[PDB]
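Peer 1: Chains as they are written, first to last, in the deposited numbering: chain 1, 1 to 349; chain B, 1 to 349.
Here a beta-carbon is modelled for each residue, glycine too, at the ideal position from N, C-alpha and C.
The structure's right below; bear with me while I get my questions together.
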Ligand SMILES: Nc1ncnc2c1ncn2[C@@H]1O[C@H](COP(=O)(O)OP(=O)(O)O)[C@@H](O)[C@H]1O
Ligand SMILES: Nc1ncnc2c1ncn2[C@@H]1O[C@H](COP(=O)(O)OP(=O)(O)O)[C@@H](O)[C@H]1O
Ligand SMILES: [Mg+2]
Ligand SMILES: [Mg+2]
């Protein structure tokens, strides 16, 4: 039989993955040590595993470790702080996320002889830099995952010539739109994906040729490293302590709940910080537009379709529209632009 | 008669020896024939005599037989078999290996009448069984050594009152910690010494009395024959045929090369067995602690300090930590633990 295919993303906000059979999972990039759950099972019936990932993972010692990951880790008081999370792609923090991303996206009772084309991702300026670090991790990733309170296990191990690395935004606009953007690309134009992520924002362009095929440019395209949603959480963390004036600083959930809405429910009251949320987004909108003119001279006028991506692009699509209005548009899945872009451009082999 | 002192060992993995002047040598217990080293002499400087032991050996019938021994014999393909080596202490192998480190540690400018006190060792359980045979052999010893490529020779012959017979691990914590553990030993405790050698594993304890004197317990102390580093080399060798997936097999030099590192360079590329190296070393460490507690019931609670000896325990110390944490510890010279213990406790005469 043919080899299976899974395209995941190790993005800093949330793991965004999809398989060969077009089933997708999404959960935030927070881990926590798992503790025994049969009690909270009894109060509320679990119909979603994604909310409730209690899970055991074997290792090279074949020693299991309980984990809370995803939505269940965010409610825990003892989880990862998630603002000082490592960029080391071979870390166990990245392993458990990658274990669950490969754990959910495998259906039951597959033949054990076949292997899976896994397709991961890297930052654009850190693709070459962190190429062999994930190559070492995926060669080292020999683990057996066991979902507690769902009771289905996967033996996840990969040899050589099965992993496939791509940069972020590589196949999201090269592929994934090529069947639909081919009528829009005409002659010597630039398409551009702008993925607004957690830690970084990512700019990738593709010149199409005379023969209507896109080709890459790296001096018009880079990673806005350290510029992204991370500037919004850190600013709005100070915005609460400026508005509380008590020394009360938000925890992991309260800050993440804040920048989605702007009204944290503090002491039986919503503390209004909608205006400072606009200001932190506008400074992020400042630091992507002015950096775009650093990468683009008059070639911003040489665009036919700007696309913006990322979950951070969802709340900023009309706000980051001021790059080139009436030409920029939204990618059809704002979160899953990279993953399906990894899927279609991973099936080219 | 200011008689000299040299303390040696008969370790199967390698020979460990030291003189009165604390000059110490270490070399593997591998022999081969001696062939004329004049061609390589002009190429590379034969400088380290311990690395390059081409040695001329006479007997009582003046039968000169050159031998490559040690590191150079390990480089030879036609070397001693050494993984199924005969355990006869009166072997010609042991005739060479004992006479090897003598002239390598017999100093210059000795008086005419002055002899040398030699201190040797036996396995602890076989110290009753094999006391006669080494005493047969040391009385037998009447030879003459000569060093090719370094241009000096020694006379070598001994009688009784020059011989000294203490078992393996006997004087290592009797002396060598004697005035140092005296502040640690207080009242009615045991001290732990475990020799993790190549072929054999020794366990030896000492009850200290009310009078701060160590006394020996033969029933809490035994030689674990068949347990040691020789299991790990033999385990990973079949594992090398596994991960190569071709039935190809190492040589004797690659055998000792492997489980010092675990990443053997084979057919233009590394072959990775690092997982199984962690597996087998933890597996042997499991087998030590259980057989340690085979002799140790609740008398493990009557310990105050455990030391480990042998070359294996130095690289097992993280996994041999699980006997009693922060009470178990590593001796400073894991190889020369028996040697200095043979030295000072051999200096009774
Ligand atoms: N509905 C929403 N409201 C507010 N912010 C959102 C929403 N959806 C996503 N986000 C933001 O987008 C980020 C997700 O970015 P993502 O596309 O996963 O990039 P990365 O690949 O860097 O993780 C989150 O950290 C979150 O702050
Ligand atoms: N640096 C090292 N790395 C791996 N193994 C080692 C190292 N040093 C010593 N050893 C192991 O320890 C053994 C030496 O044990 P040793 O103390 O000489 O006991 P014996 O008296 O039985 O020969 C060797 O066979 C070797 O496998
Ligand atoms: Mg992203
Ligand atoms: Mg020994």
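Please compile the residues from chain B whose C-beta is within a distance smaller than 9 angstroms of the C-beta of residue 92 (chain 1).
Peer 2: Result: empty, since nearest Cβ-Cβ is about 16 angstroms, beyond 9 angstroms.
Peer 1: Name, in chain order, the residues that DSSP records as bridge partners for residue 328 (chain B).
Peer 2: Bridge partners of residue 328 (chain B): 306 (chain B).
Peer 1: I'd like to know whether the C-beta atoms of residue 15 (chain B) and residue 105 (chain B) end up nearer to each other than 7 angstroms.
Peer 2: no
Peer 1: Roughly how many angstroms separate the alpha carbons of residue 203 (chain 1) and residue 329 (chain B), rounded to a whole number?
Peer 2: 55 angstroms
Peer 1: Below 8 angstroms on the Cβ atoms is my guess for residue 163 (chain 1) versus residue 138 (chain 1); work out the distance and round it to an integer in Å.
Peer 2: 5 angstroms
Peer 1: Chain 1 partners of residue 267 (chain B), CB-CB under 8 angstroms?
Peer 2: Those within 8 angstroms of residue 267 (chain B) in chain 1 number zero; the least Cβ separation is about 15 angstroms.
Peer 1: Give me the residue from 72 (chain B), 310 (chain B), 13 (chain B), 62 (chain B) with the minimum Cα distance to residue 35 (chain B).
Peer 2: 72 (chain B)
Peer 1: If I follow the unbroken beta strand (DSSP E) through residue 153 (chain B), where does it start and stop?
Peer 2: 152-157
Peer 1: So residue 143 (chain B) packs on residue 89 (chain B), CB below 8 angstroms; how close in whole Å?
Peer 2: 16 angstroms between Cβ atoms; not a contact.
Peer 1: Is it the case that the CB of residue 147 (chain 1) approaches a heavy atom of ligand 2 more closely than 6 angstroms?
Peer 2: no
Peer 1: Helix, strand or coil for residue 7 (chain B)? Go by DSSP, reduced to three states.
Peer 2: Under the three-state reduction of DSSP, residue 7 (chain B) is assigned to strand.
Peer 1: Below 7 angstroms between beta carbons: does that hold for residue 172 (chain 1) and residue 193 (chain 1)?
Peer 2: The criterion of a C-beta distance shorter than 7 angstroms is satisfied by residue 172 (chain 1) and residue 193 (chain 1).
Peer 1: How is residue 298 (chain B) classed by DSSP in three states: helix, strand or coil?
Peer 2: helix
Peer 1: Is there at least one Cβ from chain B nearer than 7 angstroms to residue 160 (chain 1)'s Cβ?
Peer 2: no
Peer 1: Less than 7 angstroms between C-beta atoms, sequence neighbours within five positions excluded: which residues of the same chain meet that for residue 293 (chain B)?
Peer 2: 300
Peer 1: Does the beta carbon of residue 344 (chain 1) sit closer than 7 angstroms to a beta carbon anywhere in chain B?
Peer 2: Not flagged as an interface residue toward chain B: residue 344 (chain 1), since no C-beta distance is shorter than 7 angstroms.
Peer 1: Are any of the Cβ atoms in chain 1 nearer than 7 angstroms to that of residue 263 (chain B)?
Peer 2: no
Peer 1: Please check the pair residue 343 (chain 1) and residue 5 (chain 1), which I expect to be a contact at CB under 8 angstroms, by giving their CB distance rounded to whole angstroms.
Peer 2: So it is a contact: roughly 7 angstroms between Cβ atoms.
Peer 1: Among 109 (chain 1), 234 (chain 1), 246 (chain 1), 336 (chain 1), which residue has its Cα nearest to the Cα of residue 252 (chain 1)?
Peer 2: 234 (chain 1)
Peer 1: Does residue 66 (chain 1) come within less than 7 angstroms of chain B when only Cβ atoms are used?
Peer 2: no
Peer 1: Going along chain 1 in order, which residues have a C-beta closer than 7 angstroms to the C-beta of residue 321 (chain B)?
Peer 2: The contacting residues do not exist; residue 321 (chain B) stays about 15 angstroms from chain 1 at best.
Peer 1: Any Cβ of chain 1 within less than 7 angstroms of the Cβ of residue 275 (chain B)?
Peer 2: yes
Peer 1: Exposed or buried, what is residue 286 (chain B) when buried is set at 16 or more other beta-carbons lying within 10 Å of its beta-carbon?
Peer 2: With fewer than 16 other Cβ atoms within 10 Å, it is exposed.
Peer 1: Does the count of Cβ pairs from the segment 126-141 of chain 1 and the segment 271-289 of chain 1 closer than 8 angstroms reach three?
Peer 2: no
Peer 1: Give the residues of chain 1 in contact with residue 106 (chain B), contact being defined as C-beta atoms less than 8 angstroms apart.
Peer 2: Per Cβ cutoff of 8 angstroms: no residues; residue 106 (chain B) is ~49 angstroms from chain 1 at best.
Peer 1: Can you tell me the Cβ-Cβ gap for residue 26 (chain 1) and residue 260 (chain 1), rounded? I've got them flagged as a contact below 8 angstroms.
Peer 2: So it is not a contact: roughly 15 angstroms between Cβ atoms.
Peer 1: Using the beta-carbon of each residue, which ones in chain 1 are nearer than 9 angstroms to residue 278 (chain B)?
Peer 2: 60, 61
Peer 1: Let me check understanding here. Comparing Cα to Cα, which of 84 (chain B), 63 (chain B), 99 (chain B) lies closest to residue 70 (chain B)?
Peer 2: 99 (chain B)
Peer 1: Do the CB positions of residue 145 (chain 1) and residue 197 (chain 1) come within less than 7 angstroms of each other?
Peer 2: For the pair residue 145 (chain 1) and residue 197 (chain 1), the CB atoms are not nearer than the 7 angstroms cut-off.
Peer 1: Identify which residue in 13 (chain 1), 179 (chain 1), 10 (chain 1), 2 (chain 1) has its Cα closest to the Cα of residue 20 (chain 1).
Peer 2: 2 (chain 1)
Peer 1: Within 10 angstroms of the Cβ of residue 180 (chain 1), are there 16 or more other Cβ atoms? Answer buried if so, exposed if not.
Peer 2: exposed
Peer 1: State the DSSP-derived secondary structure class of residue 283 (chain B), mapped to helix, strand or coil.
Peer 2: helix
Peer 1: Excluding sequence positions up to five away, which residues of its chain have a Cβ less than 8 angstroms from the Cβ of residue 93 (chain 1)?
Peer 2: 31, 80, 85, 86
Peer 1: Looking at the secondary structure, which residues open and close the beta strand (DSSP E) in which residue 217 (chain 1) lies?
Peer 2: 214-217
Peer 1: Does ligand 1 have even one heavy atom less than 6 angstroms from the beta-carbon of residue 279 (chain B)?
Peer 2: no
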